[PDB]
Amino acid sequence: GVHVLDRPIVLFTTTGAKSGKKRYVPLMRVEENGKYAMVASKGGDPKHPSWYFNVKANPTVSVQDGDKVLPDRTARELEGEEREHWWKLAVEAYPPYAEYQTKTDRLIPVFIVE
């Protein structure tokens, strides 16, 4: 229902691939030129957050940033240099993300929402 969002957080709305159920995933705001990143950490626990598999099963994801709603955009798991770029923006936004990363050799997934 109605969410109230302010920096430093944004809301990503996911839709169940099997059920159609909406789930609401607040994450740190990591933004550039109208695109957003979803950093798939889990608070320093190295296992995946429960939404990770959901955005891969159904990449259609809405964003709410302040009063602005970007409906039914597409989440794409980043690779390579592009992941690195968005990782840098994430660590500037929320430095403990880098601390989360020191707890595993596997790169924390980052999705671009576009």
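Residues carry their position along the shown sequence, with the first being 1.
- The PDB entry records a higher mean C-alpha B factor for 36 to 44 than for its counterpart among 36 to 44 and 84 to 92.
- Taking only CA atoms, the mean B-factor in the PDB entry is higher for 94 to 102 than for the other of 94 to 102 and 21 to 29.
- When the Cα B-factors of 107, 2, 113, 5 are read from the PDB record, 2 comes out highest.
- Looking at the C-alpha B-factors along this chain, the one for residue 55 belongs to the middle third.
- Annotation for residue 63: C-alpha temperature factor in the middle third relative to the rest of the modelled chain, per the entry.
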